[PDB]
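S.K.:
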Amino acid sequence: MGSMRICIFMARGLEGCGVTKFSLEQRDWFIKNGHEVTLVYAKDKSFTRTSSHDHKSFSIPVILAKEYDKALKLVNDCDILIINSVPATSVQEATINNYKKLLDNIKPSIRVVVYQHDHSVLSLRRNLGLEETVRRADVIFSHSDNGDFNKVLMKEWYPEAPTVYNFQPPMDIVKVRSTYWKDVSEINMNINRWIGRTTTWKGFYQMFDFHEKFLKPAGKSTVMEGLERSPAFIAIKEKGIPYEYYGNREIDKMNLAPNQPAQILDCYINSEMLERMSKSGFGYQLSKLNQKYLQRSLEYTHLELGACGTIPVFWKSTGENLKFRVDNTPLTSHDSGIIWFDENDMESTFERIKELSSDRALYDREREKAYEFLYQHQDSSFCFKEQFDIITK
Amino acid sequence: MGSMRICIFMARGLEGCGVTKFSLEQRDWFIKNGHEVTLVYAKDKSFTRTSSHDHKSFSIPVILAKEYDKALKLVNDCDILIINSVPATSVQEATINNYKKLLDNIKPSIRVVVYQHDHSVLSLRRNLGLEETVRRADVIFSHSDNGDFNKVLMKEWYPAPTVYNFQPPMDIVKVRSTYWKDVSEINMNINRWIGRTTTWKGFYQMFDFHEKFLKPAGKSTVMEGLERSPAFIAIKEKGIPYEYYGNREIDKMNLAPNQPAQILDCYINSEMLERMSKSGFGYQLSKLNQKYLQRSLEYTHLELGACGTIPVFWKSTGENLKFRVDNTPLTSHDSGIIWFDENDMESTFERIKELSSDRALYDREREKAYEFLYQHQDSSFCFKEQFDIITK
DNA sequence: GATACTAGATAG
DNA sequence: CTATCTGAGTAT
Ligand SMILES: O=c1ccn([C@@H]2O[C@H](COP(=O)(O)OP(=O)(O)O)[C@@H](O)[C@H]2O)c(=O)[nH]1
Ligand SMILES: O=c1ccn([C@@H]2O[C@H](COP(=O)(O)OP(=O)(O)O)[C@@H](O)[C@H]2O)c(=O)[nH]1
Ligand SMILES: [Cl-]
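For the protein sequence lines, the chains are A and B, in the order given. To convert, note that position 254 of the first sequence is 254 in the working numbering; the numbers rise steadily by one, no gaps. To convert, note that position 173 of the second sequence is 1173 in the working numbering; the numbers rise steadily by one, no gaps.
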């Protein structure tokens, strides 16, 4: 096949999280493969993390609620329209109304591709127009065959077509490495860095646990990145938990020294973090996702850890519930390097951390296999090729 | 008596229901009679209806688990400590535990009054540390001499002491002078039911009614209070037609005739009484068993006749509930209330037309409602009755 | 069964 | 925490 013009549409806005990251990585790949790519997003709703990713140079903001004409032209200008998000249940009638409008005036030639990115129904039920989007769509992707998308909504709308293929949010792992990788001689093995967001399932509570019980009592330092301000702290606070908060402006005032509680950081720049991470001894990404929602998809923050040369420390459960991209075997059942964080036998998890904190050689060996495991499981070189073939089939 | 400091303590935390209403009504009566009051409540467990009543401006929350000092400072600062509830069984050790340490460190000079607002044994067991409290109480109330508390549990702990009876008093008078609209704004066709998602709050019976009569006759029905708690899976599974509006969408309530019953979950007490004082009729069929019934009505009951609407109470009930004055079955009076009979549901719909036609006969029946209820459970009569027992 | 009475997950 | 959502469990 030849070259096609792809329009990557984010109708929910640019949230600066997985959906933004995915859109971006998706952009870089079509481009890297000889394809014209525009990236449109609804500016109608504004988001906190609108600067975590570098995109202000090519993203094309539009305001459904007024610039309908502008939007209508953009979307109708391509061979493939990829929809990664839809308006949120908080936008004004105009916005949503005009978005439903766009779905009706797409040249029937164009090939609409919907990517459902959320898992739980609590999330899906916060969308507006998702049905008009799915109906008009020609190809549909989701994270799990057993997720609330394929199982709940999909059968709701269609009491009985169409085929919802599977996908994994790819990342050009090779590139992040050749940009942030470091020499083990430069990695403070004492810095334990967790990244995610103030959402119970990303597993920030457990990080706190693992610090007050093993990390801190060993002279180690813990930095928890990405916890936006939220009432969820109300809980954290008088739940009896010490920590120190830093605005992304106070990042240089963190106490990365011993016998110090959890150093927090509300929001961050992908790149800035990767850098910080690359010189970190152990990154922790502890999403404890429900098994109904897991299949082949690791989150971007899983990919970034192994990507920049730090020992990945993911949630044991998740590794058990995810199947490798090649042989389709469990993740936990591989010599990846991945220190599987054991919520129960934590002590055991801490032992493997100390075993590598002192053996620099072992380290490199563990992170090399980890880099390669993940690279093999969900790198953009494979995942987008697997998807593109589905779309163009 | 004179002037004393009162500390109304809600150990289970603010549940926003009757027990939460009782405390506020109690606080209002004490203050009104000039007694310094402070309303403490254990934050160790949050409940959804924490907005039903306004209290955010005075109530004082406490974390029994991490702020024990603060707690003990609060209960020992008063002459009479009133405990209306205890911690739940779902709480963590540090709570139930510190709650007890409290009970044991309460000055011996403070008079501890305990109000047991529960009925069944289930309920009388879904609480922790009750025994420690009852044992510490200088005074103990309950809703019925023939309940599970006096019979089952009391005899259990004490095979000494006395358990006086009481009623949950409300300022019927204060709620009139604010919501009691003019019979020229009372949309006779509206039928509002109050209570919550539990079989004995007669909600199943409502639906039936809006079906065998209300819906037919072109009327409309709204039932406020139905929370989508697990008890709701019963409504859905029994397949009943209803439309569910929250409080941000109370407006979009299709009020027009020929409609299913309009359900509204956890509502505001001030808003409810409002609409209810502009509504044709107020239903409340608390079909509570008799053993638990003795003289106590529910605030949902006393709030209907209070906002000048036509009170529809579950017949069975009024028959077991004795009148505060002569102690005679309620129902045998000219209460001005419709004794909703699940059996002769039509007869009930009759007295409803009979009174929803003559907009002059309606205004004269609700005037018997208010007075009869005022004489049975008003703050001035009851809290004076309770203050005496407490101070004896 | 009949009948009566009664919370874990997650997004913002 | 507060809000929207979903679909049994308990006891006799
Ligand atoms: O404050 C933040 C939060 C997240 N991210 C990045 O946004 C992506 C989020 O992807 P993932 O799917 O792991 O997170 P989720 O979208 O599920 O929140 C990752 O590249 C993060 O490093 C960021 O740059 N700053
Ligand atoms: O969603 C609700 C439910 C109830 N109530 C009020 O809470 C009290 C409940 O008293 P009652 O004893 O009738 O009910 P229960 O205590 O059994 O919940 C009454 O004043 C109701 O008006 C309220 O404000 N909002
Ligand atoms: Cl994603």
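Note that beta-carbon positions come from the ideal geometry of N, C-alpha and C, so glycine has one too.
For residue 122 of chain A, does the count of other Cβ atoms within 10 angstroms reach 16, so buried, or fall short, so exposed?
M.R.: With fewer than 16 other Cβ atoms within 10 Å, it is exposed.
S.K.: Could you tell me which uninterrupted alpha helix (DSSP H) segments, each at least 4 residues in length, are contained entirely in the region 1217 to 1280 of chain B, listed from first to last along the chain?
M.R.: Whole alpha helix (DSSP H) segments, 4+ residues: 1233 to 1237, 1269 to 1276.
S.K.: Under a three-way DSSP split, which group does residue 1078 of chain B fall into?
M.R.: The answer is coil: DSSP assigns residue 1078 of chain B none of H, G, I, E or B.
S.K.: Taking residue 137 of chain A and residue 176 of chain A to be in contact with their CB atoms under 8 Å, please state how far apart those CB atoms are, rounded to whole angstroms.
M.R.: Not really, about 31 Å apart at Cβ, beyond 8 Å.
S.K.: I need the boundaries of the beta strand (DSSP E) containing residue 39 of chain A, first residue and last residue.
M.R.: Element bounds for residue 39 of chain A: 36 to 42.
S.K.: What does a CB cutoff of less than 7 Å around residue 1070 of chain B pick up in its chain, not counting 5 residues either side in sequence?
M.R.: The residues are 1062.
S.K.: Taking contact to mean at least 3 C-beta pairs separated by less than 8 Å, is the region 1309 to 1327 of chain B in contact with the region 1277 to 1297 of chain B?
M.R.: They touch, by the three-pair rule.
S.K.: Pull up the distance between the alpha-carbon of residue 1328 of chain B and that of residue 1072 of chain B, whole angstroms please.
M.R.: Each residue's Cα considered, the two are about 44 Å apart.
S.K.: Could you give the first and the last residue of the continuous alpha helix (DSSP H) run that contains residue 1097 of chain B?
M.R.: Per DSSP, residue 1097 of chain B belongs to the alpha helix (DSSP H) from 1093 to 1105.
S.K.: Is the CB-CB distance between residue 374 of chain A and residue 283 of chain A below 9 Å?
M.R.: No; because the gap between Cβ atoms is not below 9 Å, this pair is not in contact.
S.K.: So is residue 1311 of chain B buried or exposed if we call it buried at 16+ other beta carbons inside 10 Å?
M.R.: It counts as buried.
S.K.: Drop a sphere of 10 angstroms on the beta-carbon of residue 1160 of chain B, count the other beta-carbons inside from all chains shown, and report buried for 16 or more, exposed for fewer.
M.R.: It counts as exposed.
S.K.: Buried or exposed: which applies to residue 44 of chain A, given that a residue is buried once 16 or more other Cβ atoms fall within 10 Å of its Cβ?
M.R.: Per the 10 Å Cβ criterion, buried.
S.K.: Is the beta carbon of residue 260 of chain A closer than 9 Å to that of residue 213 of chain A?
M.R.: Not in contact: residue 213 of chain A and residue 260 of chain A (Cβ atoms no closer than 9 Å).
S.K.: Would you mind stating whether residue 1335 of chain B and residue 1369 of chain B have Cβ atoms separated by less than 9 Å?
M.R.: Cβ atoms of residue 1335 of chain B and residue 1369 of chain B: closer than 9 Å.
S.K.: One question on the structure: do residue 1130 of chain B and residue 1153 of chain B come within less than 9 Å of each other, judged by their Cβ atoms?
M.R.: Yes. Within cutoff.
S.K.: Could you give the C-beta distance for residue 1280 of chain B and residue 1194 of chain B, rounded to a whole number, given that I count them as a contact under 8 Å?
M.R.: With a Cβ gap of about 14 Å, residue 1280 of chain B and residue 1194 of chain B do not count as contacting.
S.K.: Closest to residue 230 of chain A by CA distance: which of A/12, A/206, A/48 is it?
M.R.: Residue A/48 is the option with its Cα nearest to residue 230 of chain A.
S.K.: Tell me the residue span of the alpha helix (DSSP H) that contains residue 1364 of chain B.
M.R.: Residues 1361 to 1377.
S.K.: Taking the alpha-carbon positions, what's the residue 304 of chain A to residue 172 of chain A distance?
M.R.: Taking the straight line from one Cα to the other gives about 10 Å.
S.K.: Starting from the Cα of residue 1241 of chain B, find the closest Cα among B/1057, B/1256, B/1029, B/1262 and give me that residue.
M.R.: Comparing Cα positions, the closest option is B/1262.
S.K.: Just verifying my parser: in three-state terms, what is the DSSP assignment at residue 85 of chain A?
M.R.: Strand.
S.K.: Say the cut is 8 Å; is the CB of residue 299 of chain A nearer than that to a heavy atom of ligand 5?
M.R.: Ligand 5 is not part of the structure shown, which contains ligand 1, ligand 2 and ligand 3 as its ligands.
S.K.: Starting from residue 1190 of chain B and walking both ways along the beta strand (DSSP E), at which residues does that stretch end?
M.R.: From DSSP, the beta strand (DSSP E) with residue 1190 of chain B extends over 1187 to 1194.
S.K.: With DSSP collapsed to three states, give me the class of residue 1135 of chain B.
M.R.: Note: residue 1135 of chain B maps to helix in three-state DSSP.
S.K.: For residue 1068 of chain B, which residues does DSSP report across the bridge?
M.R.: Answer is none; residue 1068 of chain B lacks a bridge partner.
S.K.: What span of residues does the alpha helix (DSSP H) with residue 1320 of chain B cover, start to end?
M.R.: Unbroken alpha helix (DSSP H) run through residue 1320 of chain B: 1315 to 1320.
S.K.: Taking the C-alpha atoms as reference points, what is the distance between residue 245 of chain A and residue 222 of chain A?
M.R.: Spanning the two alpha carbons is a distance of roughly 12 Å.
S.K.: Which term fits residue 157 of chain A, buried or exposed, when burial requires 16 or more other beta carbons within 10 angstroms of its beta carbon?
M.R.: So residue 157 of chain A ends up on the exposed side.
S.K.: Tell me whether residue 133 of chain A is buried or exposed, calling it buried when 16 or more other Cβ atoms sit within 10 Å of its Cβ.
M.R.: When all chains shown are included, residue 133 of chain A counts as buried.
S.K.: Which value, in whole angstroms, describes the spacing of the CA atoms of residue 1247 of chain B and residue 65 of chain A?
M.R.: Approximately 27 Å between the Cα atoms of the pair.
S.K.: Following the continuous alpha helix (DSSP H) through residue 27 of chain A, name the residue where it begins and the one where it ends.
M.R.: First-last of the alpha helix (DSSP H) with residue 27 of chain A: 18 to 32.
S.K.: Under three-state DSSP, which class holds residue 946 of chain B?
M.R.: Because residue 946 of chain B is not part of the residues shown, which for chain B are 1001 to 1392, the question remains open.
S.K.: Take residue 31 of chain A as the anchor and find which of A/314, A/220, A/234, A/58 has the nearest alpha-carbon.
M.R.: The shortest C-alpha separation from residue 31 of chain A is found at A/58.
S.K.: So, is residue 1202 of chain B buried or exposed, given that buried needs 16 or more other C-beta atoms within 10 angstroms?
M.R.: That one is buried.
S.K.: Is residue 1352 of chain B helix, strand or coil by DSSP?
M.R.: If DSSP states are grouped into helix, strand and coil, residue 1352 of chain B belongs with the helices.
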